[PDB]
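Presented below is the structure to which this report refers.
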Amino acid sequence: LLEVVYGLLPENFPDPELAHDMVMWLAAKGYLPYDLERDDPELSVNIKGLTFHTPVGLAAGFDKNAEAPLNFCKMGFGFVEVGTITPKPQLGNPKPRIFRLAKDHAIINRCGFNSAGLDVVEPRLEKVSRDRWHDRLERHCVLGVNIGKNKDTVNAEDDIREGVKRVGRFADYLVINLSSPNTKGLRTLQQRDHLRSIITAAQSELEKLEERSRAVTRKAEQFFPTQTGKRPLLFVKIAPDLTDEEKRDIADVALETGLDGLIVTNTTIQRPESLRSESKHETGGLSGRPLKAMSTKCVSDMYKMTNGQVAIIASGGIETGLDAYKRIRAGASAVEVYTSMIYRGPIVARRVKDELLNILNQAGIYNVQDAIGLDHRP
Ligand SMILES: Cc1cc2nc3c(=O)[nH]c(=O)nc-3n(C[C@H](O)[C@H](O)[C@H](O)COP(=O)(O)O)c2cc1C
Ligand SMILES: CC(C)=CCC/C(C)=C\CC/C(C)=C/Cc1c(O)c2ccccc2oc1=O
Ligand SMILES: O=C(O)c1cc(=O)[nH]c(=O)[nH]1
């Protein structure tokens, strides 16, 4: 806990964008820490057939163009959610477009879907997908592929379509990002009427299943190779800033469509007075410790309103396996981190896994599967 939070004397900051860049340069070229503990068999979760050997995982903010997803994942994580990968490459907003709020343990940011392109990112999944089995054959590093629209396409439904065409076959779970505050009216695609039109279109390009056998796990890599027969569990990442009315419209359209899961909360555009740090007034959604009750309620509301029959991967201020314990108790099968690592640091994957496992030991039940949603047994 006390690494960077104790040692934050140096002025405003060492720039977050710059830091993340030279961090990911390290991530790209090995040059990182390493988890060794193998993770207790307690912490494994079979979210709809998907074996999450650990339920802790890196969120979609980090490895934005598949620079090093397995290397973050060998560094203690269970899964790694890969960017928001827009069809055509985007530059993003003008920098400085991202800020630490040291006091508040938070990060406001307005990057705006800065992507390399499915042109660039497909090859890198073509890379990862075939060598991920090879390198050290990990109890496969479960792999999230998150996709969106470009700044100004008329039909996002097309850019999700393209997305699912290209980079679907590698994802253990695919993710439609409809939530970022930092793309023009994208969040307003979460509507009952649109959400459906997208979700159906998106599982319609999954309905492109192609044929084979017609001219150790050495070679599971062949075919469309997602630790199984391809089909990613379809997800949609939803907002934190929503009416009970709009969380119905979602939850209804979730159970209507047979959506395989929901990722609970992107960043929040709320600014709760309590934020003391003088960067509180910058635009963009804020992550981290202010997004605690926000996210954790959003898990619980979407759990119950989906009868729990839809899966939940909650992000939003998951700092310590206690926060993970509660979000697991509120509905989450697995949980995500990003802004919690910018204060904890690389070996926070190993920390949150074990903080969770001991608070399971203390709570009584071990093996999380029993644990999920526990809050909805009265
Ligand atoms: C700089 C930054 C970039 C992000 N980029 C993305 C993104 O490209 N796609 C996405 O789905 N979420 C993105 N997020 C949201 C995170 O994935 C996550 O949902 C949010 O930060 C809450 O998690 P945390 O409080 O546990 O860090 C980003 C967050 C930050 C702070
Ligand atoms: C300065 C440099 C070239 C590398 C620093 C990384 C390192 C070895 C240790 C941690 C030092 C540090 C202050 C990191 C800050 C950091 C961020 O502020 C940050 C902000 C947003 C997204 C990702 C980020 O990753 C970071 O490592
Ligand atoms: O690209 C961004 O600016 C961005 C994407 C996202 O999903 N969430 C966020 O807070 N910012």
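Derivation of every value follows stated rules applied to the coordinates shown; laboratory data play no part. Quick reminder, even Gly has a Cβ in these numbers, built from the backbone with ideal geometry, and neighbours come from all protein chains shown.
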Legend entry - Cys residues of the chain counted as unpaired, since no other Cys beta-carbon is under 4.7 Å: 111, 298
Inset, instruction - For the stretch 1-101, run through the chymotrypsin sites (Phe, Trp or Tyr not before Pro) and keep only the ones in DSSP coil with at most 12 other Cβ atoms within 10 Å of their Cβ. - result: 6, 31, 34
Legend entry - In order through the stretch 304-321: 3J(HN,Hα) via Karplus (6.51 cos²θ - 1.76 cosθ + 1.60), integer Hz, x for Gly, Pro: 4, 5, 9, 6, x, 6, 9, 7, 9, 10, 8, 9, x, x, 8, 10, 6, x
Inset, instruction - Obtain the nm distance between the two label points defined at residue 271 and residue 361 by a simple spin-label model: each point lies 7 Å from its Cα along the Cα-to-C-beta direction. - result: 4.4 nm
Inset, instruction - Starting from the Cα gyration tensor of the chain, take the square roots of the eigenvalues, sort them a ≥ b ≥ c, and report rounded, prolate or oblate (rounded when a/c is under 1.5, otherwise prolate if a/b is larger than b/c, else oblate). - result: rounded
Inset, instruction - Could you pull out every residue, at least 5 positions away or on a different chain, whose amide H is within less than 5 Å of the one on residue 85? Hs are placed 1.01 Å off N in the peptide plane, and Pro or chain starts have none. - result: 146, 147, 148
Legend entry - Additional length obtainable on full extension of the chain from residue 88 to residue 2, 0.36 nm per residue less Cα span: 26.9 nm
Legend entry - Antiparallel DSSP beta bridges within the chain, as percent of all bridges there, nearest 5: 30 percent
Inset, instruction - Rank-order 232-241, 288-297, 181-190 by packing density, defined as the average count of other C-beta atoms within 10 Å over each peptide's residues, highest first. - result: 232-241, 288-297, 181-190
Legend entry - the stretch 60-115, relative contact order in percent, only Cα pairs under 8 angstrom and at least six apart counted: 33 percent
Inset, instruction - Output the peptides 362-368, 259-265, 322-328 sorted from most to least packed, where packing is the average of other Cβ atoms within 10 Å over each peptide's residues. - result: 259-265, 322-328, 362-368
Inset, instruction - Note down the nm distance, to one decimal, between modelled labels 7 Å out along Cα→Cβ at residue 370 and at residue 25. - result: 4.9 nm
Legend entry - Paramagnetic reach from residue 136 in the stretch 50-73 [backbone N under 20 Å; point 7 Å along Cα→Cβ]: 52-58, 67-73
Legend entry - Derived scalar couplings ³J(HN,Hα) [the stretch 261-271; Karplus, 6.51 cos²θ - 1.76 cosθ + 1.60; whole Hz; x for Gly, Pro]: x, 9, 9, 7, 6, 6, 5, 10, 8, 6, 9
Inset, instruction - List the residues whose amide H sits under 5 Å from the amide H of residue 101, counting only those 5 or more places along or on another chain, with H placed 1.01 Å from N in the peptide plane. - result: 106, 107, 108
Legend entry - Long-range amide H partners of residue 313 with built H, under 5 Å: 262, 263, 264
Legend entry - Cβ crowding within 10 Å averaged over residues, with 141-147, 118-124, 104-110 ranked highest first: 141-147, 104-110, 118-124
Inset, instruction - Would you mind calculating the relative contact order of the stretch 79-190 from Cα pairs under 8 angstrom and at least 6 residues apart, reporting the percent as a whole number? - result: 30 percent
Legend entry - Distance from the stretch 82-143 to the stretch 243-262 (C-alpha centre basis), Å: 26 Å
Inset, instruction - Distance check, please: which entries in 151/208; 29/304; 151/353; 165/297 exceed 32 angstrom between their Cα atoms? - result: 29/304; 151/353; 165/297
